[PDB]
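Engineer: Here's a structure for you.
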Amino acid sequence: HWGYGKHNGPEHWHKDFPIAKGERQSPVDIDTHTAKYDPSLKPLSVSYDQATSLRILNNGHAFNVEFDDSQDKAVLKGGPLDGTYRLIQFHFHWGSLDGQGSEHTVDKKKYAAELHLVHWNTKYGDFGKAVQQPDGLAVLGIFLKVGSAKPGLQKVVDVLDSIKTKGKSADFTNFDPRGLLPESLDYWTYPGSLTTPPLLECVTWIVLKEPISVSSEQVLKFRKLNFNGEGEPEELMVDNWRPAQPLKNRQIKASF
Ligand SMILES: S=c1[nH]c(-c2ccccc2)cs1
Ligand SMILES: [Zn+2]
C-alpha cells in the first residue's frame, strides 16, 4: 500500500489516487509576498476548553490523537469558515533532520515538523460525509521549529514509546490541545486537500504564521517511531511529508 519510500511514496500515489494530480492539492508553498491581506475574513475562533481526547494511535504513517467528537465541544469557526467545525483528531508530519519535515513551506522554507488539527463541518453530520464535500474539513496547520521545549507537547512525547509500531494504540485522556498553540492566530488560508492518500479535495487550510518551538529531544522522540508493525524489520517513521504541489488556479489569503 501507499507510504513514503522510493517505491510507494508521493511520486507513486497518483496511480491509486488520480486526484493526486488534481486542481486543489496540498501542501503548497506559501509565497508571503504574493499572499494578499483579506479584510473580509472574520476573526478566527479556536475554542478548545472542552476538548476530550480518547486515544493515541500509530497508523503506520503518523500518530493520531483522537477526540470524542460526539458532542459540540472543541470548535473552530470564523476566519474563512462558514459555520462551525468540530475537532476530531490531530497528527504531525516530520523529518529525519531538523531542516525538513513540514508539508507547507513559507517562501520555500521547510520547518522541522507540522501539526494538523483536523475539524469537520457540522453541517454534514459526521466526518465520513464531511470528507466528501469541498468545504467538509478545516485543518489548522502549525509549524514546529527546533529550539526551546514545548511543555504542552511533553505528554504526547512520553506516550510514544507505548505505540512504537504500526497498529499500536493507547488510552490518551485529558490532553489539552490548547498547549500546542502559538501566541498569535495570524494565518494564511487557501482551499486544498489532505496531504496523504486518499488526497481528498475537502480541506480549507488555515496555516498559522507563528511556529511553535519544540526541543531537539522532543522531535528526536517522534523519529523513534516505526512505520512497520511489531515483529517486522525496523523502518524509522521519518519524512512522512509530501512535496509542495502546484498552486494552479488558487489564491492564498492572509489574515494580517
Ligand atoms: S494530512 C491530513 N490528514 C487528515 C485525516 C483525518 C482523519 C482521517 C484521514 C485523514 C486531515 S488533514
Ligand atoms: Zn496531515
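Per Swiss-Prot, chain A residues shown: 4-259, in order.
Using N, Cα and C of the backbone, Cβ positions are placed for all residues, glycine too.
According to Swiss-Prot:
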SITE      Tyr7  site 'Fine-tunes the proton-transfer properties of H-64'
SITE      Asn62  site 'Fine-tunes the proton-transfer properties of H-64'
ACT_SITE  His64  active site, proton donor/acceptor
SITE      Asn67  site 'Fine-tunes the proton-transfer properties of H-64'
BINDING   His94, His96, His119  Zn(2+) binding site
MOD_RES   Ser165  phosphoserine
MOD_RES   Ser172  phosphoserine
BINDING   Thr198, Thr199  substrate binding site
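Where in this structure would I find these features, and how exposed are they?
Structural biologist: A 10 Å cutoff on Cβ-Cβ distances gives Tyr7 (site 'Fine-tunes the proton-transfer properties of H-64') a total of 18 other Cβ atoms nearby, all chains included.
A coil conformation is recorded for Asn62 (site 'Fine-tunes the proton-transfer properties of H-64') in the three-state DSSP classification, outside any helix or strand. A C-beta separation below 8 Å, combined with a sequence spacing of at least six in one chain, links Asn62 (site 'Fine-tunes the proton-transfer properties of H-64') to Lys169, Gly170.
All protein chains shown were included, and the count of other CB atoms within 10 Å of the CB of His64 (active site, proton donor/acceptor) stands at 18.
DSSP gives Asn67 (site 'Fine-tunes the proton-transfer properties of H-64') a strand state. Listed in sequence order, the residues of the same chain lying 6 or more apart from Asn67 (site 'Fine-tunes the proton-transfer properties of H-64') and placing their CB within less than 8 Å of its CB are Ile59, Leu60, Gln92, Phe93, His94.
Classification of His96 (Zn(2+) binding site) by DSSP places it within a strand. Under a cutoff of 8 A between CB atoms, and with a sequence separation of 6+ in the same chain, the neighbours of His96 (Zn(2+) binding site) are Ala65, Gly104, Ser105, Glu106, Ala116, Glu117, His119, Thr198, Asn243, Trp244.
Cβ neighbour count for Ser165 (phosphoserine) (all protein chains, 10 Å cutoff from its Cβ): 13.
Sequence-distant contacts of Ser172 (phosphoserine), defined as residues of its own chain at least six apart whose C-beta falls under 8 angstroms from its C-beta, comprise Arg58, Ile59, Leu60, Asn61, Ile166.
Secondary structure at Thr199 (substrate binding site), as computed by DSSP, is coil.
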Engineer: May I have the list of same-chain residues other than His94, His96, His119 whose Cβ is within 8 Å of the Cβ centroid of the recorded Zn(2+) site, in sequence order?
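Structural biologist: Apart from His94, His96, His119, the close residues are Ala65, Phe93, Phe95, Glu106, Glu117, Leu118, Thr198.
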Engineer: Using a 6 Å cut-off on Cβ distance, which of the recorded positions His119, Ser165, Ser172, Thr198 come close to any atom of ligand 2?
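Structural biologist: Only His119, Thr198 meet the Cβ criterion.
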Engineer: When the Cα of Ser165 (phosphoserine) is compared with the Cα of each of the recorded positions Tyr7, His64, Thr199, which one is closest?
Structural biologist: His64
